[PDB]
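> fold the following for me, if possible:
(chains A, B, C, D and E, ligands or ions: 2)
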Amino acid sequence: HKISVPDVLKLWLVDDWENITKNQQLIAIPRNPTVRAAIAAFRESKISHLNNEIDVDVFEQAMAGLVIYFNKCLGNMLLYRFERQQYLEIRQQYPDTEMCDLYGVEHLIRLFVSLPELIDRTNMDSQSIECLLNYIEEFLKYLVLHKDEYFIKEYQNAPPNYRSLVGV
Amino acid sequence: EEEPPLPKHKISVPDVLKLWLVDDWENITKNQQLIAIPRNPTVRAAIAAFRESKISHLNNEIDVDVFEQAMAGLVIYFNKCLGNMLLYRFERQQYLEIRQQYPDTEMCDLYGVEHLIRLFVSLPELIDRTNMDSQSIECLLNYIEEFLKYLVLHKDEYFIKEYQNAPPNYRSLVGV
Amino acid sequence: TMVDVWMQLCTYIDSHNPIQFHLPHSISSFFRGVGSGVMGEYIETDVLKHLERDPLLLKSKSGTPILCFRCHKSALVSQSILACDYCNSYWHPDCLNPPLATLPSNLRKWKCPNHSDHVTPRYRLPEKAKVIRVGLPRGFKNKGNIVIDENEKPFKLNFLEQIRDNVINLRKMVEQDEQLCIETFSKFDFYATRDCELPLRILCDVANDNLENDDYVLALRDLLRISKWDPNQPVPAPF
Amino acid sequence: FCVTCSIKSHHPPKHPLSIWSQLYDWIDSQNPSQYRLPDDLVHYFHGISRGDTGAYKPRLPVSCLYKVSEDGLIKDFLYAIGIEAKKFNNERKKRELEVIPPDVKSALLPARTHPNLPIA
Amino acid sequence: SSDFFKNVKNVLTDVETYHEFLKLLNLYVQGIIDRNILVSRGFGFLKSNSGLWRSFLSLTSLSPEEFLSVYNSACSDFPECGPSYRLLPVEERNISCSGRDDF
Ligand SMILES: [Zn+2]
Ligand SMILES: [Zn+2]
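Residues are numbered from 1 along each chain as shown, chains lettered A, B, ... in the order given. Ligands and ions are numbered 1, 2, ... in the order given. Take a look:
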């Protein structure tokens, strides 16, 4: 029921917690690497080395579950109290696009790291659990390997009007 | 304690030395072959030779000091560790004979490089069992591997080419 | 299968009430110094572990005297003194290099300028960190900051002879110094008090000395010339 | 035994509490330390014969706190500053000729005497 | 230099302050800070003994004039933009001002 997060990702998550909460810095919402893009890249890379058709099928359906759950989950348990203003602004700006096409790996990894406590309430079969968790492990490894391209480099300071708007 | 793995190391021992080690072990456990005690040259002489052969190439007093301390520590370490994990039960009695006969001659001076390559191959486990830092590990391992290369160069002289069969009284006193 | 896992996840999320994010307790309690807050915020756990600031401190709880570190005075030449919450030092709020206008808040620990953590790049240690003793004697790349404490006759003289000798020696040095200085008077006066009218000479009758030419460089840098000819010695006009 | 590589080694040791307290302080200059004596080498209900066989009844962060020797740190700073000081004295030798740069309040500025002179 | 360091041990009788001095030296050796910050922050440690301080300036090869030039700028580490200003995102850096010109 536990995961193996690399120490670089732990450090990055704590640094992002601090930057967003205490230092009043946000992330540019339209990302150059998309969530869908990274999902597709990892999917292609793993299928290109997978072995049998049963594994192909389970991996495909796992990735599908991942993307649909992201799109259904982002705006409910993935943002801090300092980002809801930005979230509603982005929804007003692009009301036709979707979150899987809007946000990035900076939040995909929040989803990944938080998955254990969610599978804590969920109680499906241990086989499915272990498949999904191994897939999440390999995904975290792939991200921390390709750090240079997927992750943002500098955060952005929120403007005074934004801060007066949020105020929380 | 970090991200679960941190990879263990390895000394790139030369294949010739690998074959030498395996054939030596086999001949000493099955053919009752023994090591000419004492030897010529000795461990201290080999260490001094490597020192004088590699010291003229360093280009910093930092490297000079660290290398000097490393080689001197290898001397004292072979002194302290020779009689623990560097023989077998067979030649344990030969070690007893030399230990009781030669009163106070240094064991580093008594033994030769054939018992030095064994410490050079066993160093990875000893580094692993303890808690040193990565740079110190890398320094010691690099010096050990270049030492092994120097030994491969000077093989023809540093490695005696024959052994001697255990005498009857010796094999009866060891039993095995 | 994992399809059913996805179904159960969707059912849970659309059944429950949204909340704000918090990374797991493992990641949170990983590092040293970090800690949650009242509303899920990030607050460093280095505050005053004891709980307006007492402006003047005279006596310490250990009897040690309270003297400023830089000027060695006693919190009475200036109406306030500050006590470092990390070492046994006291500083005047005026002796620090940028002098502090107001004393800091009695909530947050204050750190004197005599610590190395002011110029280290911040880092984070995990809260299971065996202090490693590095044996490499020289040449150890250490990221500047993570090196912890560098761990490794009774005469019964009873005489004032040396004290008397030292006092007389001090008086003799003083006497010689005063003698030399008070002879070099009557020339200190001429070369330091008329020094304001000789510059007037080498300005009026424009004789080029190093300082005149430096002043002209100063005026050129004020006017911000580019490529035209320098006008003259007395006609650059920031008059 | 019959193996093609068997890339290991084996030798029978004695009791490992003196050997593993030195291999720590090998590359170090701080001498080894000892512990409480009567717990070091006892029988522990094991009386042994003479033969001494078995007696039967991806990136990573900068994460640690190091302990360094003050001797090496001092000796390093003396050598670190010596090289930097010689480099500064090497560039301290200043001999340049120009006309119309303003560069510094440097050593060789009889230059300014030149562009101001022909007019005056 | 050995005299300099035993005298430093004499002057800084508190081992904590002495260790902080050594840590500053280590920072310099590794290259996180430069000679300017080294001297400008060692002044706060060693000022009480003119002999120690002149010896340190002789070690660093810094004339007193240059030390006085570098002190005020290389003692306290503040951001270049000041402690109260901060940069803006590129988005809100071009809000309309219908009365401005190029000048
Ligand atoms: Zn003061
Ligand atoms: Zn302090």
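> hmm, who's touching the longest helix along chain A?
The longest helix of chain A (DSSP state H) is helix A:53-77. Outside helix A:53-77, the residues that touch it by Cβ atoms under 8 Å, 6 or more residues apart in numbering or on different chains are A:35-36, A:39, A:42-43, A:46-47, A:50, A:87, A:98-100, A:103, A:107-108, A:111, A:114, A:131-132, A:135, C:1-3, C:5-6, C:9-10, C:13-14, C:18-21. C-beta coordinates here come from the backbone N, C-alpha and C atoms, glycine included.
> any idea how far it is from the chain center?
12 Å (Cα atoms, centre = their mean, to the nearest Å).
> next: stretch A:95-105.
Relative to its chain's centre, stretch A:95-105 lies at 11 Å (Cα atoms, centre = their mean).
> give me the buried positions along it.
By neighbour count with 16 or more other Cβ atoms under 10 Å in any protein chain shown, stretch A:95-105 contains the buried residues A:99, A:100, A:102, A:103, A:104, A:105.
> swap in stretch C:127-139?
Buried residues in stretch C:127-139 (16+ other Cβ under 10 Å): C:132, C:133, C:134, C:135, C:136, C:137, C:138, C:139.
> and those near chain A, which?
Restricting these to those touching chain A (Cβ under 8 Å from any Cβ of the partner chain) yields no residues.
> hmm, back to that, can you give me the buried ones in the helix or strand just after the longest helix of chain A?
Elements were assigned by DSSP states H and E; along the chain past helix A:53-77, the next helix or strand is helix A:84-93. Neighbour-count burial for helix A:84-93 flags A:85, A:86, A:87, A:90 (criterion: 16+ other Cβ under 10 Å).
> and the following helix or strand past helix A:84-93, anywhere near chain C?
Per DSSP H and E, helix A:84-93 leads on to helix A:99-102 as the next helix or strand towards the C-terminus. No - against chain C, helix A:99-102 shows no contacts by Cβ under 8 Å from any Cβ, the least distance being 13.5 Å.
> could you point out which element follows helix A:99-102?
The helix or strand immediately downstream of helix A:99-102 is helix A:105-121, counting by DSSP H and E.
> give the buried residues for the next helix or strand after that next one.
With elements assigned by DSSP H and E, the helix or strand that comes after helix A:105-121 is helix A:126-145. Neighbour-count burial for helix A:126-145 flags A:128, A:129, A:131, A:132, A:133, A:135, A:136, A:139, A:140, A:143, A:144 (criterion: 16+ other Cβ under 10 Å).
> likewise stretch C:114-129?
C:114, C:115, C:116, C:119, C:120, C:124, C:125, C:126.
> quick one: terminal-to-terminal distance for it?
End-to-end span of stretch C:114-129 (Cα to Cα, to the nearest Å): 26 Å.
> so how far is it off the chain centroid?
Worked out by Cα atoms, centre = their mean, stretch C:114-129 lies 17 Å from the chain centre.
> that stretch close to chain B?
Yes - contact of stretch C:114-129 with chain B (Cβ under 8 Å from any Cβ) involves residue C:128.
> which residues sit against that stretch?
Stretch C:114-129 has contacts (Cβ under 8 Å, 6+ apart) with A:7, A:11, A:14, B:1, C:29-34, C:69, C:84, C:86-87, C:89, C:111, C:143-146, D:61-65, E:17, E:20, E:23-24, E:27, E:32-33, E:37, E:41, E:44-45, E:77.
> number of nearby residues for residue D:86?
Residue D:86 has 10 neighbours, counted by other Cβ atoms under 10 Å in any protein chain shown.
> actually, residue A:69.
As a burial measure, residue A:69 scores 18 neighbours (other Cβ under 10 Å).
> from residue A:151, how far off is it?
Distance of residue A:69 to residue A:151, given as Cβ to Cβ, to the nearest Å: 21 Å.
> with residue C:200 instead?
Distance, residue C:200 to residue A:151, using Cβ to Cβ: 67 Å.
> more neighbours: which of those two?
residue A:151 (17 against 9).
> for that one, which non-adjacent residue is spatially closest?
Nearest residue to residue A:151, sequence neighbours excluded (Cβ to Cβ, 6 or more residues apart in numbering or on different chains): residue A:105, at 6.4 Å.
> wait, that neighbour touches residue A:143, no?
Yes - applying Cβ atoms under 8 Å, one finds residue A:105 in contact with residue A:143, separated by 6.1 Å.
> need the overlap of contacts for those two.
Listed as contacting both residue A:105 and residue A:143 by Cβ under 8 Å, 6+ apart are A:38, A:150, A:151.
> residues touching the first one, list them.
Put plainly, it is residue A:38. Residue A:38 neighbours (Cβ under 8 Å, 6+ apart): A:104, A:105, A:108, A:143, A:150.
> which one of those residues is nearest residue D:5?
Of all those, residue D:5 sits closest to residue A:143, with 36.9 Å by Cβ to Cβ.
> hmm, that closest one is touching residue A:106, no?
No - between residue A:143 and residue A:106 there is no contact under Cβ under 8 Å: 10.3 Å.
> shared neighbours, these two?
By Cβ under 8 Å, 6+ apart, residue A:143 and residue A:106 have these common neighbours: residue A:151.
> roughly how far apart are residue A:149 and residue B:74?
In this view, residue A:149 and residue B:74 are 46 Å apart by Cβ to Cβ.
> in TSV, list the shared contacts of residue A:105 and residue A:143 along with secondary structure.
Shown next, in TSV, are the shared contacts of residue A:105 and residue A:143 (DSSP: H, G, I helix; E, B strand; the rest coil):
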residue	secondary structure
A:38	helix
A:150	helix
A:151	coil
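> in CSV, list these along with distance to residue D:94.
Converted to CSV, these look like this (distance: Cβ to Cβ, whole Å):
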residue, distance to residue D:94
A:38, 56
A:150, 50
A:151, 47
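> so which bits of chain C are right by ligand 2?
By Cβ under 5 Å from the ion, the residues of chain C that approach ligand 2 are C:84, C:86, C:87, C:89, C:112.
> noted, bye for now.
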